[PDB]
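We count ligands from 1, going down the list as the structure has it; atoms in each ligand are counted the same way. Worth knowing before you read on, the calculation uses all heavy atoms, side chains too, and leaves out hydrogens, waters and symmetry mates. We name chains A, B, ... by the order of the sequence lines, and we start the count at 1 in each one.
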Amino acid sequence: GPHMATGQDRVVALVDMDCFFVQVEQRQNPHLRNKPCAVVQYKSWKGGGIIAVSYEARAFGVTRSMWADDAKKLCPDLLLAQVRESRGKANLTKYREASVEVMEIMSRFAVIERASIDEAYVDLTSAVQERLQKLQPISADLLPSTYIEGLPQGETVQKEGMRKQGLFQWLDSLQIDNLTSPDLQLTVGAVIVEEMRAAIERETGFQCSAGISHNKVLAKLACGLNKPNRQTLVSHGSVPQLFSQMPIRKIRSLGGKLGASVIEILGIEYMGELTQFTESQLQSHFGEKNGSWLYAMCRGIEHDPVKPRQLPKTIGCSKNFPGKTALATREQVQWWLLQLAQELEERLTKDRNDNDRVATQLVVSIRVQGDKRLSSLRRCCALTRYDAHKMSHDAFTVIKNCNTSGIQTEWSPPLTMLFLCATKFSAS
DNA sequence: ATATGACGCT
DNA sequence: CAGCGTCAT
Ligand SMILES: Nc1ncnc2c1ncn2[C@H]1C[C@H](O)[C@@H](COP(=O)(O)NP(=O)(O)OP(=O)(O)O)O1
Ligand SMILES: [Mg+2]
Ligand SMILES: [Mg+2]
């Protein structure tokens, strides 16, 4: 007990934008605000594929991975915004630039780790220490949008009434005399996150949600508990009851094959049930690293650091050529490699100017018709010049021998995907 | 017919 | 300037 680590050393937050692509389009087009709206890419096939949905539209059952024509059946008044198309492909520049707006604001408060186009982890341990040294009870007024997971226990017919009662129980209990209380550190962390989220909304117009806990996995989980436009504090103490009915697939990194194996091999359904197994038992089934990770995680402990990185490590461009449209001619493959290369060149040139770095490697990936893998083959070559013509020519050079066609003009088996990625950045 | 990113394994 | 698999938004 006296020597058992509790994973309460850090204060970490995960901030995730609410229906991000939609909010970007709603800021731009006021007509879309406060309406059932979705963002779609490529209109010709079934109205386009939905990639983002406003909360108003979710109420009708509209989801991502849904064709717009089908979404309209569920929600006839659904409004749509289209992703920009350039050179025959979706262009996500608007969303990347909006992402930068948000990341730069977050970086003012603390070290952050860009985790996706719309979320970042924040290591608030130091900021909390400074704020505690600076502060004195914490008023509920400092936590206007915060939920305390697990509370209240023991006006509650409405959600805001429930939120306040839980917050009151939490604050009434808080021991502010001790600067080392983990619960107190989380609370101060939540105050700072309120301030961060206020700054994001004020300076960008975008709303977001956040999770505050002692590690990245719990912070991420916490974030989704009360979306949209709210933040949730998950304390170490809230873990046993939270994990008691938490499907294993809900924890980050367990949503795939590993997660399925955990369920199948151990015959369990919830994250908390993992506590019954010894570390060695878990390592035997899932490997040394996964086993140790699972053993600590089911107890609410994780040590993965918030990495000091707010810029992407790679810059890539990709396009699918489904079914009948699979590229079947050499000239066809070269023309598309050129479109991808030109987009990549623009993005790389801007990156070099903004971030004082240059990519030194080019990775080319493709999918062959009949293969359900994300990638069928991957090859690389030196990226010595930011020249689209050289990059597309080099990319063809490295994959051209995959062509099994006896005939020079033709390409077989036809390609269902092209991917160009710039990597191995070096200071410039 | 359904654009990206990180990172682990070998 | 290795190539493939997994998990993610
Ligand atoms: N599978 C995918 N394909 C393409 N784009 C994707 C996508 N998943 C997400 N996006 C893009 C579009 C998304 O807007 C953006 C953020 O991803 P989230 O955070 O997962 N989802 P959102 O922010 O929309 O809603 P909220 O968080 O409130 O639930 O990334
Ligand atoms: Mg989001
Ligand atoms: Mg997200």
Side-chain angles (χ1 to χ4, degrees), chain A residues 12-29 32-43 45 48-68 71 78-85 89-103 105-106 112-122 145 147 193 196-197 200-201 204-211 216-232 249-253 255-256 306 310 312 316-320 322 374 417 419:
Chain A
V12 175
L14 187 272
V15 177
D16 183 283
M17 310 304 303
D18 300 335
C19 56
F20 187 48
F21 285 19
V22 166
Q23 288 198 84
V24 174
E25 297 299 328
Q26 290 172 316
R27 180 178 72 174
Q28 184 190 305
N29 187 349
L32 305 176
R33 305 180 178 179
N34 306 119
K35 303 253 162 54
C37 186
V39 170
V40 303
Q41 54 189 5
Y42 304 119
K43 285 220 76 78
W45 187 271
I50 293 183
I51 57 166
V53 190
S54 77
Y55 283 74
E56 295 86 351
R58 294 180 199 195
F60 287 83
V62 177
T63 69
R64 156 176 311 159
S65 164
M66 183 173 280
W67 297 118
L78 178 70
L79 301 185
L80 300 170
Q82 290 185 258
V83 170
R84 183 186 297 123
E85 204 174 307
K89 70 176 299 297
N91 173 354
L92 306 177
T93 299
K94 187 193 302 181
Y95 314 108
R96 293 195 181 97
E97 296 186 336
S99 181
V100 171
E101 284 182 67
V102 177
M103 308 282 167
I105 296 164
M106 291 184 56
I112 68 171
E113 178 184 338
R114 183 191 190 272
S116 80
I117 197 168
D118 95 314
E119 71 210 80
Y121 291 92
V122 191
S145 61
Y147 277 83
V193 171
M196 300 182 39
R197 290 181 50 249
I200 291 169
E201 191 178 1
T204 69
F206 302 144
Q207 292 188 342
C208 60
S209 297
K216 291 163 63 170
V217 165
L218 288 182
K220 183 188 199 309
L221 183 62
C223 186
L225 294 182
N226 289 292
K227 274 182 166 280
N229 195 35
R230 297 286 184 274
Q231 59 185 61
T232 304
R249 70 179 175 277
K250 298 310 183 177
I251 297 346
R252 194 206 337 173
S253 84
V306 171
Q310 77 178 92
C317 293
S318 66
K319 183 174 177 64
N320 285 353
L374 191 46
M417 181 263 221
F419 198 155

| task | Sort out for me which residue in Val39(A), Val22(A), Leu79(A) forms a side chain to side chain contact (heavy atoms under 4.5 Å, CB included) with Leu32(A). | result | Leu79(A)

| message | Distance alone, cut at 3.5 Å: any donor-acceptor contact between the side chains of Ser209(A) and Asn226(A)? | response | no

| message | Heavy-atom pairs closer than 4.0 Å: do any link ligand 1 to the side chain of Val39(A), the backbone, both, or neither? | response | neither

| Approximate separation, where rounding is to 0.5 Å, of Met103(A) CE and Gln310(A) CD | 8.0 Å

| task | Determine, considering heavy atoms only, which of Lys227(A), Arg64(A), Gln207(A) sits nearest to atom 13 (C) of ligand 1. | result | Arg64(A)

| said: If I apply the N/O under 3.5 Å rule, does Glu119(A) come out as touching ligand 1? | reply: no

| request: Could you establish whether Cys19(A) and ligand 1 come within less than 4.0 Å of each other, counting only heavy atoms on the residue side? | output: yes

| remark: Note: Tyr95(A), heavy atoms under 4.0 Å from ligand 1, region reported as neither

| OD1 (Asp118(A)) to the Mg ion (ligand 3) to OE1 (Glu119(A)): angle, nearest 10 degrees? | 100°

| field | Reported CD-to-CG distance for the pair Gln41(A) and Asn91(A), which is rounded to 0.5 angstrom | value | 11.5 Å

| Looking at SG of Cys19(A) and CD of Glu25(A), how far apart are the two atoms once the value is rounded to the nearest 0.5 Å? | 11.5 Å

| query | Atom CZ of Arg114(A) and atom CE of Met106(A): how far apart are they, to the nearest 0.5 Å? | reply | 12.0 Å

| message | Residue-level breakdown please: for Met17(A) versus ligand 1, do any non-hydrogen atoms fall below 4.0 Å on the side chain, on the backbone, on both, or on neither? | response | backbone

| query | Any idea which heavy atoms bring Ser145(A) and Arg197(A) closest together, and the distance? | reply | OG-NH1, 2.8 Å

| request: Please find out if the Mg ion (ligand 2) and some N, O or S atom of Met17(A) are separated by less than 2.8 Å. | output: yes

| query | Which of these, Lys94(A), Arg27(A), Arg96(A), sits in a salt bridge (charged side-chain N to carboxylate O under 4.0 Å, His left out) with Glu101(A)? | reply | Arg27(A)

| note | So for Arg58(A) against ligand 1, with non-hydrogen atoms under 4.0 Å, the contacting part is side chain

| message | Within the structure, is a non-hydrogen atom of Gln23(A) found at a distance of less than 4.0 Å from ligand 1? | response | no

| field | Atom of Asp16(A) nearest the Mg ion (ligand 3) (restricted to N/O/S, atom name only) | value | OD2

| said: Can you name the atoms of ligand 1, numbered from 1 with element, that are less than 4.0 Å from a heavy atom of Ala52(A)? | reply: 14 (O)

| said: Ring-plane angle category for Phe20(A) and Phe206(A), please: parallel below 30°, perpendicular beyond 60°, tilted otherwise. | reply: perpendicular

| field | Identity of the nearest option to atom 28 (O) of ligand 1, non-hydrogen atoms only, from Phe20(A), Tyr55(A), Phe21(A) | value | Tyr55(A)

| request: Any atoms of ligand 1 less than 4.0 Å from a non-hydrogen atom of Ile51(A)? List them with their elements. | output: 12 (C)

